[PDB]
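Novice: Please find one structure pasted underneath; my questions will follow.
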Amino acid sequence: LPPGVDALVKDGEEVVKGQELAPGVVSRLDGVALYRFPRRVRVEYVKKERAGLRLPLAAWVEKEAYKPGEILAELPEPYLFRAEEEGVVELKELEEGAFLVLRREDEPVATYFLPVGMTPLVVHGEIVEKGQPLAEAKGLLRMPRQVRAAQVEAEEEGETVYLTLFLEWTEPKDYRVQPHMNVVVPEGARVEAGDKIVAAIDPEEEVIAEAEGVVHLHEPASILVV
Amino acid sequence: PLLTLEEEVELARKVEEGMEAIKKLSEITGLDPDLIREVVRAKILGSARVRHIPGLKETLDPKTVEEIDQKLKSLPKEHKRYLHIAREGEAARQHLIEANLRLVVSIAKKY
DNA sequence: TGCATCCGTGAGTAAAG
DNA sequence: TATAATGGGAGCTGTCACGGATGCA
């Protein structure tokens with residue numbers, strides 16, 4: 001494989017003669033493709049947290065849970081989701097959608113969730129007082145593709161509802177492997193806190209899994225078709 | 001074909017870890033490390049080549065190699081793991097020699 | 001069934017050297 | 001025993017005729 005380009009096929013996957021293996025490789029035979037020295041190891045770390053959001057009762061689409069991409073509400077007019085605590089803003093933008101976290105001294109006091117359709121009006125580290133707009137929701141709004149809503153708890157108060165979502169999603173972190181380092185973990189295996197992913201010559205260059213996640217191999221040095 | 005730095009490092013690494021695994025298998029089984037190495041080698045190369053080794057105290061024929069391979073295959077999972085380690089190390093040894101055979105020629109041509 | 005073509009093999013005795 | 005080193009050089013020639021095995025059409 002030329003430098004930097006990725007594999008159009010996956011490790012362990014059976015292939016056919018003539019089927020292209022990559023943007024510049026076509027396999028001359030059929031069988032089990034195999035990866036030789038993946039250069040970038042991406043770990044999809046899992047996260048099960050709890051986050052809130054307040055919406056008008058008219059715009060809401062009541063459900064017990066929300067699959068990714070599924071519509072959460074539809075708004076006739078722009079709506080301003082306002083802060084219900086006072087703190088400093090920890091903005092954590094996912095692929096699409098974001099998380100707001102407020103903390104007062106240092107401990108978090110609010111964890112909000114802004115699904116797709118809500119443009120955050122705050123910068124990481126900003127100070128917010130109670131009741132000021134954290135985001136504008138314009139029109140329809142839906143869950144992101146990367147995050148799913150396991151359970152939903154609602155509360156009616158006035159002409160609004162407040163959703164305490166039991167969210168579950170994954171965040172990627174890449175790791176660069178060097179020719180003196182070897183991947184001791186298969187494709188799609190589960191690691192915990194402390195498990196080793198890529199060994200090396202000296203312990204200070206090893207790759208240890210911080211939290212639990214799913215392992216993914218990209219950019220192999222070469223692909224072996226057997 | 002000539003190795004890439006990665007393939008070279010990988011083969012050398014497997015060789016070192018296979019030698020370590022033979023050491024561990026001698027620790028466990030209480031057998032002789034050289035006899036263990038000869039058995040692993042015999043199985044990796046095939047029955048095509050099996051002969052009496054001068055240092056070994058026993059004559060190396062397919063009967064005794066089958067006996068020792070069975071005493072090895074009757075190990076617990078975390079013990080029998082070292083057997084696969086040693087086998088892969090021997091295969092890496094063979095491929096490393098074969099990969100670097102050209103250097104010998106390019107040196108010997110000057111003698 | 002017949003030819004061209006190739007490979008191997010042998011090419012004097014005694015003397016001195 | 002530790003930079004890295006990764007596929008070779010020399011042919012060498014004025015017969016000759018036969019016999020027998022191989023190769024084509």
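By order of appearance in the structure tokens: chains A, B, ..., then residues from 1 within every chain, and ligands from 1 in the order shown.
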Write down, as a list in words, each residue of chain D that has any atom within 12 Å of an atom of chain B, counting only C-alpha atoms (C1' of nucleotides).
Specialist: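 Matching residues, ligands excluded from the count: residues 4, 5, 6, 7, 8 and 9 of chain D.
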Novice: Would you mind exporting C-alpha atoms (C1' of nucleotides) of the selected residues as a PDB file, in the first residue's frame?
Specialist:
```pdb
ATOM      1  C1'  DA D   4      24.643  -0.514   6.516  1.00  0.00           C
ATOM      2  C1'  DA D   5      25.780  -3.528   3.555  1.00  0.00           C
ATOM      3  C1'  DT D   6      20.997  -8.284  -0.115  1.00  0.00           C
ATOM      4  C1'  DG D   7      21.631 -12.035  -7.864  1.00  0.00           C
ATOM      5  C1'  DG D   8      28.806 -13.808 -11.058  1.00  0.00           C
ATOM      6  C1'  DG D   9      32.186 -13.683 -14.366  1.00  0.00           C
TER       7       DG D   9
END
```
Novice: Just list as a list in words whatever in segment 159-211 of chain A DSSP marks as strand (DSSP E or B).
Specialist: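 Going through segment 159-211 of chain A, the strand (DSSP E or B) residues come out as residues 160, 161, 162, 163, 164, 165, 166, 167, 168, 169, 170, 171, 172, 173, 174, 175, 176, 182, 183, 190, 191, 196, 197, 198, 199, 207 and 208 of chain A.
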Novice: Go ahead and dump the residues you just picked, N, CA and C atoms, as a tab-separated table (two decimals), in the first residue's frame.
Specialist:
```tsv
chain	number	residue	atom	x	y	z
A	160	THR	N	-43.31	23.45	28.76
A	160	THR	CA	-42.08	22.82	28.30
A	160	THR	C	-41.97	21.43	28.91
A	161	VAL	N	-41.06	20.64	28.35
A	161	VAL	CA	-40.68	19.35	28.91
A	161	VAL	C	-39.16	19.35	29.05
A	162	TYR	N	-38.68	18.62	30.06
A	162	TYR	CA	-37.25	18.49	30.32
A	162	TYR	C	-36.88	17.01	30.28
A	163	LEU	N	-36.01	16.65	29.34
A	163	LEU	CA	-35.65	15.26	29.08
A	163	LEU	C	-34.32	14.94	29.75
A	164	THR	N	-34.31	13.91	30.59
A	164	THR	CA	-33.08	13.36	31.16
A	164	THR	C	-32.74	12.10	30.36
A	165	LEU	N	-31.83	12.25	29.40
A	165	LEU	CA	-31.50	11.18	28.47
A	165	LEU	C	-30.39	10.30	29.03
A	166	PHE	N	-30.54	8.99	28.85
A	166	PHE	CA	-29.50	8.02	29.21
A	166	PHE	C	-28.74	7.67	27.94
A	167	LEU	N	-27.74	8.48	27.61
A	167	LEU	CA	-27.07	8.41	26.32
A	167	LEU	C	-25.92	7.40	26.34
A	168	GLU	N	-25.62	6.87	25.16
A	168	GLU	CA	-24.53	5.92	24.94
A	168	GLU	C	-23.93	6.19	23.57
A	169	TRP	N	-22.61	6.39	23.52
A	169	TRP	CA	-21.95	6.72	22.27
A	169	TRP	C	-20.46	6.39	22.38
A	170	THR	N	-19.76	6.53	21.25
A	170	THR	CA	-18.34	6.20	21.17
A	170	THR	C	-17.56	7.37	20.58
A	171	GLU	N	-16.34	7.56	21.07
A	171	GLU	CA	-15.45	8.62	20.61
A	171	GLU	C	-14.12	8.03	20.16
A	172	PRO	N	-13.63	8.38	18.97
A	172	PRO	CA	-12.37	7.81	18.49
A	172	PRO	C	-11.13	8.55	18.98
A	173	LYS	N	-10.05	7.78	19.13
A	173	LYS	CA	-8.72	8.31	19.41
A	173	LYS	C	-7.71	7.50	18.62
A	174	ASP	N	-6.95	8.17	17.76
A	174	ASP	CA	-5.98	7.49	16.91
A	174	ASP	C	-4.65	7.27	17.65
A	175	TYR	N	-3.91	6.26	17.20
A	175	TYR	CA	-2.58	5.96	17.70
A	175	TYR	C	-1.69	5.59	16.52
A	176	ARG	N	-0.51	6.20	16.44
A	176	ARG	CA	0.42	5.95	15.34
A	176	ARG	C	1.39	4.84	15.74
A	182	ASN	N	4.43	-3.58	17.38
A	182	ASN	CA	3.56	-4.62	16.86
A	182	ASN	C	2.21	-4.58	17.57
A	183	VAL	N	1.14	-4.81	16.81
A	183	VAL	CA	-0.21	-4.78	17.35
A	183	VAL	C	-0.53	-6.15	17.94
A	190	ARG	N	-12.44	-6.25	22.28
A	190	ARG	CA	-12.79	-5.35	23.37
A	190	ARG	C	-11.67	-5.31	24.40
A	191	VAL	N	-11.26	-4.10	24.76
A	191	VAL	CA	-10.24	-3.89	25.78
A	191	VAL	C	-10.87	-3.19	26.98
A	196	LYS	N	-3.23	-3.87	26.99
A	196	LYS	CA	-2.22	-3.45	26.03
A	196	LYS	C	-2.71	-3.65	24.60
A	197	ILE	N	-2.50	-2.64	23.77
A	197	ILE	CA	-2.93	-2.67	22.37
A	197	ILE	C	-1.73	-2.94	21.47
A	198	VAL	N	-0.72	-2.08	21.56
A	198	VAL	CA	0.48	-2.17	20.73
A	198	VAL	C	1.70	-2.18	21.65
A	199	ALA	N	2.50	-3.24	21.57
A	199	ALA	CA	3.75	-3.31	22.30
A	199	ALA	C	4.85	-2.58	21.53
A	207	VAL	N	1.25	1.16	23.87
A	207	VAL	CA	-0.09	1.72	23.74
A	207	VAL	C	-0.99	0.94	24.68
A	208	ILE	N	-1.38	1.56	25.79
A	208	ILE	CA	-2.27	0.96	26.76
A	208	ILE	C	-3.65	1.60	26.61
```
Novice: At most 9 Å is the cut-off: for each residue in chain B with any atom that close to an atom of chain A, write down the nearest atom pair and the distance in Å rounded to one decimal, counting only C-alpha atoms, chain first then increasing number, as CSV.
Specialist:
```
residue,atom,partner,partner_atom,distance
B:5,CA,A:179,CA,7.0
B:6,CA,A:179,CA,5.1
B:7,CA,A:37,CA,8.5
B:9,CA,A:180,CA,6.6
B:10,CA,A:182,CA,7.8
```
Novice: Set the distance at 12 Å and use only C-alpha atoms (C1' of nucleotides): which residues neighbour residue 21 of chain D once local chain neighbours fewer than 2 positions away are removed? I'd like the list as number ranges by chain.
Specialist: C: 5-8; D: 19, 23
Novice: Need to verify the contact set: segment 64-78 of chain B, 9 Å, only C-alpha atoms (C1' of nucleotides), exclusion of same-chain residues closer than 3 positions in sequence. Can you return it as a list in words?
Specialist: residues 25, 29, 35, 36, 38, 39, 40, 42, 43, 58, 59, 60, 61, 81, 82 and 83 of chain B
Novice: Would you output that residue set with N, CA and C atoms, as a PDB file, in the first residue's frame?
Specialist:
```pdb
ATOM      1  N   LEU B  25       9.056 -23.733  28.090  1.00  0.00           N
ATOM      2  CA  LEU B  25       8.575 -25.109  27.980  1.00  0.00           C
ATOM      3  C   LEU B  25       9.526 -26.088  28.651  1.00  0.00           C
ATOM      4  N   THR B  29       7.929 -28.522  31.461  1.00  0.00           N
ATOM      5  CA  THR B  29       7.953 -29.969  31.249  1.00  0.00           C
ATOM      6  C   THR B  29       9.138 -30.656  31.911  1.00  0.00           C
ATOM      7  N   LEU B  35      16.180 -30.987  23.099  1.00  0.00           N
ATOM      8  CA  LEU B  35      15.220 -31.957  22.581  1.00  0.00           C
ATOM      9  C   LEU B  35      13.903 -31.284  22.210  1.00  0.00           C
ATOM     10  N   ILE B  36      13.455 -30.334  23.031  1.00  0.00           N
ATOM     11  CA  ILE B  36      12.233 -29.593  22.733  1.00  0.00           C
ATOM     12  C   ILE B  36      12.393 -28.806  21.436  1.00  0.00           C
ATOM     13  N   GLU B  38      14.417 -29.463  18.991  1.00  0.00           N
ATOM     14  CA  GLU B  38      14.468 -30.406  17.878  1.00  0.00           C
ATOM     15  C   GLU B  38      13.075 -30.896  17.502  1.00  0.00           C
ATOM     16  N   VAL B  39      12.203 -31.106  18.491  1.00  0.00           N
ATOM     17  CA  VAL B  39      10.846 -31.570  18.196  1.00  0.00           C
ATOM     18  C   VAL B  39      10.049 -30.480  17.480  1.00  0.00           C
ATOM     19  N   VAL B  40      10.118 -29.247  17.988  1.00  0.00           N
ATOM     20  CA  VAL B  40       9.424 -28.137  17.336  1.00  0.00           C
ATOM     21  C   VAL B  40       9.928 -27.963  15.906  1.00  0.00           C
ATOM     22  N   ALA B  42      11.388 -30.309  13.995  1.00  0.00           N
ATOM     23  CA  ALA B  42      10.963 -31.464  13.212  1.00  0.00           C
ATOM     24  C   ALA B  42       9.554 -31.273  12.684  1.00  0.00           C
ATOM     25  N   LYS B  43       8.644 -30.817  13.545  1.00  0.00           N
ATOM     26  CA  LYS B  43       7.273 -30.635  13.087  1.00  0.00           C
ATOM     27  C   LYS B  43       7.144 -29.457  12.122  1.00  0.00           C
ATOM     28  N   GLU B  58      18.975 -38.998  22.989  1.00  0.00           N
ATOM     29  CA  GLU B  58      18.044 -39.959  22.421  1.00  0.00           C
ATOM     30  C   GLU B  58      18.049 -39.844  20.903  1.00  0.00           C
ATOM     31  N   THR B  59      17.843 -40.978  20.237  1.00  0.00           N
ATOM     32  CA  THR B  59      17.799 -41.016  18.778  1.00  0.00           C
ATOM     33  C   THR B  59      16.466 -40.447  18.294  1.00  0.00           C
ATOM     34  N   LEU B  60      16.535 -39.435  17.429  1.00  0.00           N
ATOM     35  CA  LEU B  60      15.371 -38.631  17.052  1.00  0.00           C
ATOM     36  C   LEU B  60      14.685 -39.274  15.853  1.00  0.00           C
ATOM     37  N   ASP B  61      13.689 -40.107  16.131  1.00  0.00           N
ATOM     38  CA  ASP B  61      12.868 -40.768  15.131  1.00  0.00           C
ATOM     39  C   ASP B  61      11.413 -40.349  15.306  1.00  0.00           C
ATOM     40  N   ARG B  81       0.230 -22.590  25.148  1.00  0.00           N
ATOM     41  CA  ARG B  81       0.433 -21.387  24.343  1.00  0.00           C
ATOM     42  C   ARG B  81       1.885 -21.263  23.875  1.00  0.00           C
ATOM     43  N   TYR B  82       2.829 -21.622  24.747  1.00  0.00           N
ATOM     44  CA  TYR B  82       4.243 -21.521  24.409  1.00  0.00           C
ATOM     45  C   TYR B  82       4.616 -22.434  23.244  1.00  0.00           C
ATOM     46  N   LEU B  83       3.878 -23.530  23.054  1.00  0.00           N
ATOM     47  CA  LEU B  83       4.127 -24.405  21.914  1.00  0.00           C
ATOM     48  C   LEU B  83       3.884 -23.674  20.599  1.00  0.00           C
TER      49      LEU B  83
END
```
Novice: If we count only C-alpha atoms (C1' of nucleotides), what is near segment 9-14 of chain C at a cut-off of 10 Å, once residues fewer than 5 positions away on the same chain are taken out, given as a PyMOL selection string?
Specialist: chain D and resi 16-19
Novice: Please produce a file of the residues just selected, as an mmCIF file, in the first residue's frame, where the atoms kept are N, CA and C atoms (P, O5', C5', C4', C3', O3' and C1' of nucleotides).
Specialist:
```cif
data_model
loop_
_atom_site.group_PDB
_atom_site.id
_atom_site.type_symbol
_atom_site.label_atom_id
_atom_site.label_comp_id
_atom_site.auth_asym_id
_atom_site.auth_seq_id
_atom_site.Cartn_x
_atom_site.Cartn_y
_atom_site.Cartn_z
ATOM 1 P P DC D 16 38.492 -31.598 -42.049
ATOM 2 O "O5'" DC D 16 38.799 -33.164 -42.080
ATOM 3 C "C5'" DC D 16 39.201 -33.816 -40.883
ATOM 4 C "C4'" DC D 16 38.123 -34.764 -40.413
ATOM 5 C "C3'" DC D 16 36.697 -34.382 -40.844
ATOM 6 O "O3'" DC D 16 35.975 -35.561 -41.183
ATOM 7 C "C1'" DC D 16 36.749 -34.690 -38.571
ATOM 8 P P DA D 17 35.564 -35.866 -42.707
ATOM 9 O "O5'" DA D 17 36.075 -37.368 -42.946
ATOM 10 C "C5'" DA D 17 36.741 -38.073 -41.900
ATOM 11 C "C4'" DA D 17 35.749 -38.878 -41.084
ATOM 12 C "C3'" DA D 17 34.326 -38.867 -41.629
ATOM 13 O "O3'" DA D 17 34.048 -40.130 -42.236
ATOM 14 C "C1'" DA D 17 34.399 -38.597 -39.224
ATOM 15 P P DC D 18 32.546 -40.680 -42.420
ATOM 16 O "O5'" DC D 18 32.274 -41.437 -41.046
ATOM 17 C "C5'" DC D 18 33.370 -41.989 -40.329
ATOM 18 C "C4'" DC D 18 32.879 -42.689 -39.095
ATOM 19 C "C3'" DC D 18 31.483 -43.251 -39.235
ATOM 20 O "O3'" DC D 18 31.463 -44.529 -38.713
ATOM 21 C "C1'" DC D 18 31.570 -41.756 -37.377
ATOM 22 P P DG D 19 30.240 -45.501 -39.041
ATOM 23 O "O5'" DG D 19 29.507 -45.632 -37.626
ATOM 24 C "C5'" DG D 19 30.295 -45.686 -36.445
ATOM 25 C "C4'" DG D 19 29.448 -45.459 -35.214
ATOM 26 C "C3'" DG D 19 27.991 -45.886 -35.345
ATOM 27 O "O3'" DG D 19 27.590 -46.506 -34.149
ATOM 28 C "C1'" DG D 19 28.096 -43.618 -34.706
#
```
Novice: Do you know which residues are at most 10 Å from residue 63 of chain A counting only C-alpha atoms (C1' of nucleotides), after dropping those on the same chain fewer than 2 positions away, and could you put them as a PyMOL selection string?
Specialist: chain A and resi 60-61+65-66+72+151-154
Novice: Could you write those residues out with N, CA, C and O atoms, as a CSV table (one decimal), in the first residue's frame?
Specialist:
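This is the output file out.csv:
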```
chain,number,residue,atom,x,y,z
A,60,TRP,N,-42.2,18.7,20.8
A,60,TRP,CA,-41.6,17.4,21.2
A,60,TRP,C,-42.3,16.3,20.4
A,60,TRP,O,-43.4,16.4,19.9
A,61,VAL,N,-41.5,15.2,20.2
A,61,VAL,CA,-41.9,14.0,19.6
A,61,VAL,C,-41.7,12.9,20.7
A,61,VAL,O,-40.7,12.3,20.8
A,65,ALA,N,-37.3,6.1,23.7
A,65,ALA,CA,-35.9,6.1,23.4
A,65,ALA,C,-35.8,6.7,22.0
A,65,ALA,O,-36.8,6.9,21.3
A,66,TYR,N,-34.5,6.9,21.6
A,66,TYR,CA,-34.3,7.5,20.3
A,66,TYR,C,-33.1,6.8,19.6
A,66,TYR,O,-32.0,6.8,20.1
A,72,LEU,N,-36.1,14.1,17.0
A,72,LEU,CA,-36.4,14.3,18.4
A,72,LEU,C,-37.5,15.3,18.7
A,72,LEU,O,-38.3,15.2,19.6
A,151,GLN,N,-32.4,5.2,27.2
A,151,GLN,CA,-33.7,5.5,27.9
A,151,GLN,C,-34.0,7.0,27.9
A,151,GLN,O,-33.1,7.8,27.8
A,152,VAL,N,-35.2,7.3,28.1
A,152,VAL,CA,-35.7,8.7,28.1
A,152,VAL,C,-36.6,8.9,29.3
A,152,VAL,O,-37.6,8.1,29.5
A,153,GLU,N,-36.3,9.9,30.2
A,153,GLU,CA,-37.2,10.3,31.3
A,153,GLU,C,-37.6,11.8,31.1
A,153,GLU,O,-36.7,12.6,30.9
A,154,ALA,N,-38.9,12.0,31.1
A,154,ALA,CA,-39.4,13.4,30.9
A,154,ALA,C,-40.0,14.0,32.1
A,154,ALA,O,-40.4,13.3,33.1
```
Novice: Atom CA of residue 85 of chain B and atom CA of residue 18 of chain B, how far apart in Å?
Specialist: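 It comes out at 5.3 Å.
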Novice: Between atom CA of residue 92 of chain B and atom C1' of residue 1 of chain D, what is the spacing in Å?
Specialist: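 Calculated distance between atom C1' of residue 1 of chain D and atom CA of residue 92 of chain B is 22.1 Å.
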